[PDB]
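Everything below concerns the one structure shown next.
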Amino acid sequence: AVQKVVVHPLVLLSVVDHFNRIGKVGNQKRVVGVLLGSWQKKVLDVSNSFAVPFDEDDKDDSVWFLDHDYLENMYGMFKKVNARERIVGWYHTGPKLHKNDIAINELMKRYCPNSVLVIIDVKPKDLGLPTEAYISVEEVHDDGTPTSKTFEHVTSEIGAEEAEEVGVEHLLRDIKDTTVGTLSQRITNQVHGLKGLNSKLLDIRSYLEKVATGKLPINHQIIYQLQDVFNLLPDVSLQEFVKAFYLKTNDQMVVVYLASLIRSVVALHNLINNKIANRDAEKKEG
Amino acid sequence: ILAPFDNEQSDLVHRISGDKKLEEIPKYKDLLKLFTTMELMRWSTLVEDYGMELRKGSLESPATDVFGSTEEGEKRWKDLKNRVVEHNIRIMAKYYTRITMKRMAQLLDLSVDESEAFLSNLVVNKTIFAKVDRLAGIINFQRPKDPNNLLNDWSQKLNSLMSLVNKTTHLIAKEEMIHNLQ
Amino acid sequence: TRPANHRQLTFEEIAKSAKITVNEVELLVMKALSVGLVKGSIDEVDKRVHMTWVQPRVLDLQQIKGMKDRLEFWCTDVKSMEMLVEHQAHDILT
Amino acid sequence: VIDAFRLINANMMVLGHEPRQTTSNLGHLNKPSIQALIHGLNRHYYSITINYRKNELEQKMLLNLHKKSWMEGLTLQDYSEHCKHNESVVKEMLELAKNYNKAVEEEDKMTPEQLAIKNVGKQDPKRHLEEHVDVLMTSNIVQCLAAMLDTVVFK
Amino acid sequence: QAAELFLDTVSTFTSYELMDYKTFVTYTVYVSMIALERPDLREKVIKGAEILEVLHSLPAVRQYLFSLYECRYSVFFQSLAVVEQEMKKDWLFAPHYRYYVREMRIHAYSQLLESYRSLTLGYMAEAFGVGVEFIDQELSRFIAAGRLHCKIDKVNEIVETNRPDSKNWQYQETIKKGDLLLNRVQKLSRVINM
């Protein structure tokens, strides 16, 4: 169905300022809007979006209000300026998914049979991506219901277009990477990976702590996946693995040795050239 | 079932199987099932249970063609024996890793010298891999391991670990969403 | 029952546990490999079985605490390596 | 490139007066281009200065572009293409090594005034080998270190 | 490179200034016995029509080549001794006439043990040259040098063979060339800058 979704910075800025301008008026918690984008093969692209009047009550999670005519006429109005765009799904800025999401998704599945839900965090505090992508599906199991509606995650990333790229480059004057080389290849890849892995393990720790003491709704799929995780850890004490590891490392170090030798030779040549060329400049002054 | 093993034979078997009118004739469906499942019998039970079953009914005319003709009967019985021993060889090479020679001859209902003669032409024709040492009666079915392959498998295992750990957390959050909302 | 380390088991153990003689045990494992219940490989000349992967199962609430403890002393290695790599290569960029 | 303009009327110029009375020197920081002068500009309209307002929230949000997940920084690549790439690089390194001394020997047999022009049509190994050295060292070091820490992060 | 460049037997030898053709053929066969191996000694020096036609008039050199090729090690030593006597007093071979010999002998030793696995040193006595003590001393002093990879046991007088990987030998050469180049480049570096 869907493999990857790509998000442009334009919709992010639109989400941010919509949240600001609607939350300044009063103490609302969640806001809703509709996205526009394009399809190609199994890859989805999001270009722009517009807001919509939405109301929800904190007293109960079964009462809420959206506007149909607003959405219809606003889509018709954006049609007259660019016909390539089309309705693809909706977004809500909630920190975490709510109970009513299934109902709203069913409500606006009429305009797009393959609606995709997107969650944007407006005040991130970590290095992770602010966007999360979900798609509805029907799940089946042993007993309880033949089918049940459930969300499933889809990989998301932030893309860029040429004009958008030059705009965001002009906007990001203060912050720019120091060097491109082993620096950006090391810190941006390895340390952040350790951070993310530790965070994930902490979250699963928290859920496991919630069980066998507290609420205790023992679920079995999580247990099956945990067994699969704990069974897949390799063993590094095997003799053959150690021998192969040593062989490959010894094979690899020779190349660095050779490159260092070449660099030393080039440095000596440069020193000779500079000294010879510069020693012949003092006598010209007389 | 007379065709030598190949991908075209395999997918033709898969397409020809599961016919609504095929169940009208159960014996040949049973033969197809026997040739499509795992490790197959030696030689005796099928020749003792289907030899006579190829004379009755109102469809045994190809069976009478296979048996009654002298030269055709001999050639096709030899071909069927070769096919079943090939199937046994393939399955025992898929599941075993190192085997004695006496057990190999025992499972094939034929002597040790014919066993090695039947595996030699196969291995020199580049259809299966096998290395037999006949000073200790050992047969080895596994290739030597290069240093690259071990680390490649290790890296693949690491990638699978990371992917499944990523998968678990989203389901964790979805499960938690519907119990502590209020 | 057996731990992840030292999962290799002999033919006679299977023969005693399943109350059958040795000559059939191979077929048994063969069947256990055919229907995909367990994944592994088997040797013949040395009478050994190398077992690799078995299906998961449900288990009570006093057993998951073992997994919780394993995560407990798993997270600390990641944290320690994080700190070591961060401190060792500080001046490469502040 | 963004500019902002406002129009003026010629009757006020008939009065011998000019618009945009000047009270400070922060209005003349950018000299106009010649093509703006070629068209109407100051005899028909006047340009005004421009500025962009920036806040911390949107700027902090916007810097997430091209950031990659924690998975991409722990993969250690295939151990089969890496040796092929090293083998490929070593051969061109060898050829440039063979070609170096020929250019080293004749560095001063010709007057240096035309020395620079001598390198206008054909490549020079000295500049063309350093990039090989750099990429090779970087790839080898990072590939070693990734496996080095991964051997102990997992079990 | 000498044996490589001496493939001009058929591409003319009009340079009669330095020497005559027969000496050229003897020199080229002498260096071909050093440089190249059996799959080429059987393809270029034993199959050449012109070199064989010339060699037909020189019984000594033909015998010296066929003895090595036909694996008659007993008669090989007489020819080796005669040849080294000849080249000791010869020009442009004297200053290292010993080194050449020290190859051929050990070369023959490496050309017999590579087929069997447990040949006793008793057989070598009547198959290679009389004297068990001489063979023992030569084998020991060539094992100690690091070449001729094999092993000898003296309590029962048995010679065993081994097959070292072609990565160890391809590593000490790299390390020693690196050491020499580093010494040279350091000397160059501190010759300048006083």
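May I ask what percent, to the nearest 5, of DSSP beta bridges between residues of the protein assembly as shown are antiparallel? Roughly 80 percent of the DSSP beta bridges within the protein assembly as shown come out antiparallel.
In terms of surrounding Cβ atoms within a 10 Å radius of their Cβ, A:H220, D:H39 rank from fewest to most as D:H39, A:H220. Around B:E71, with a cut-off of 14 angstrom between Cβ atoms, what is the net charge of the other residues, counting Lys and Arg +1 and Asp and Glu -1? Net local charge, B:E71 excluded: -1. Scaled to the globular estimate 2.2 N^0.38 Å, the Cα spread of region A:11-97, given as radius of gyration, is 1.19.
If you take the alpha carbon atoms of region A:223-282 and fit the smallest convex hull around them, that volume is 131 Å³ per residue. Relative to the first principal axis of the alpha-carbon coordinates of chain D, what is the inclination of helix D:125-153, with its axis defined by its Cα atoms, in degrees from 0 to 90 and to the nearest 10? On a 0 to 90 degree scale, this one is about 80.
Histogrammed with a bin width of 10 Å, the alpha carbon distances of region A:52-112 distribute as 17, 50, 25, 8, 0 percent, first bin at zero.
Taking other C-beta atoms within 10 angstrom as a stand-in for reagent exposure, A:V2, A:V140, A:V154 fall in the order A:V140, A:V2, A:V154, fewest first.
Where both bridge residues fall in chain A, DSSP classifies roughly 70% of the beta bridges as antiparallel.
Equivalent-ellipsoid semi-axes (√(5λ), Cα gyration tensor) for region E:79-194, whole Å, largest first? Each semi-axis is √(5λ); the values are 37, 24, 11 Å. For the set B:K78/C:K31; A:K275/D:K118; E:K88/E:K154; D:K84/E:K167; E:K44/E:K89; A:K200/D:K54, the pairs lying more than 25 angstrom apart at their alpha carbons are B:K78/C:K31; E:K88/E:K154; E:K44/E:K89; A:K200/D:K54.
Here's the picture: charge each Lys and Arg Cβ at +1 and each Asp and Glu Cβ at -1 in the protein assembly as shown, and of A:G159, A:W90, D:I2 the one pushed furthest to the positive end of that dipole is D:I2.
Long hydrophobic helices in chain A, taken as whole DSSP H segments with a C-alpha length of 20 Å or more on their own axis and mean Kyte-Doolittle hydropathy at least -1.0: A:9-23, A:192-210, A:239-279. Volume per residue for region B:97-182 equals 186 cubic angstrom (convex hull of Cα atoms).
Counting only DSSP beta bridges whose two residues both lie in region A:1-145, roughly 75 percent are antiparallel. Could you run the Debye sum over the Cα atoms of chain C, one equal point scatterer each and no solvent, and tell me log10 of I(q)/I(0) at q = 0.12, 0.15, 0.16, 0.25 Å⁻¹, two decimals? Those come out to -0.63, -0.77, -0.82, -1.29, one per q. Loop-located GluC sites (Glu not before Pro) in region A:111-161 (DSSP state not H, G, I, E or B) with no more than 14 neighbouring Cβ atoms inside 10 Å: A:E161.
Going from the residue with the fewest nearby Cβ atoms within 10 Å to the one with the most, A:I104, A:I22, D:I2 rank D:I2, A:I22, A:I104. Remark: relative contact order (chain A) = 14 percent; criterion is Cα-Cα distance under 8 angstrom and separation of 6 or more residues. One equal scatterer on each Cα of region B:133-177, no solvent, Debye formula: the resulting log10 I(q)/I(0) at q = 0.21, 0.24, 0.25 Å⁻¹ is -0.79, -0.85, -0.88. About its Cα centre, the dipole of chain A is roughly 1040 debye, where the only charges are +1 on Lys and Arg Cβ and -1 on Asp and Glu Cβ. Placing unit charges on the Cβ atoms only, positive for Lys and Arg and negative for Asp and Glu, gives chain E a dipole magnitude near 760 debye about its Cα centre.
In nm, give the distance between the simple-model label positions of B:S163 and D:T151, each being 7 Å from the Cα along the Cα-to-Cβ direction. So the label points at B:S163 and D:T151 sit 2.6 nm apart.
Normalised by the number of residues in chain D, the average gap of Cα pairs under 8 Å and 6 or more apart makes the relative contact order 26 percent. From the P(r) of region A:2-182, could you give the percentage of C-alpha pairs in the tail past 25 Å? Here the long-distance tail beyond 25 Å is 40 percent of all Cα pairs in region A:2-182.
Dipole magnitude for chain B: computed about the Cα centre from +1 point charges on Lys and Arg Cβ and -1 point charges on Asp and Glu Cβ, it is near 580 debye. Along each principal axis, taking the top coordinate minus the bottom one, the Cα set of the protein assembly as shown gives 123, 120, 58 Å in descending order.
Using only DSSP helix segments of four residues or longer, with each worth -39500 (n - 2.57), what per-residue ellipticity at 222 nm results for the protein assembly as shown after dividing by its residue count and rounding to 500? Helix-only estimate at 222 nm: -16500 deg cm²/dmol.
Projected onto its three principal axes, the C-alpha set of chain E covers 63, 53, 31 Å, listed from the longest axis down. Cα-based values for chain B, radius of gyration first and Dmax second, are 24.2, 85 Å. Over region D:75-155, the hull volume per residue, using the convex hull of the C-alpha atoms, is 111 Å³. The trypsin sites (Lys or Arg not before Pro) of region A:149-236 meeting both criteria, a DSSP state outside H, G, I, E and B (loop) and at most 12 other C-beta atoms within 10 angstrom of the site's C-beta, are A:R173, A:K176, A:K215. Select from D:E95, D:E113, D:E130 the residue whose mean-square fluctuation is largest in a Gaussian network model of chain D (Cα-Cα springs shorter than 10 Å). Judging by the Gaussian network model, the answer is D:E113.
No value in this document is a laboratory result; all are computed from the given coordinates. Don't worry about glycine lacking a Cβ; one is built from the backbone with ideal geometry, like all the others, and counts go over all protein chains shown.
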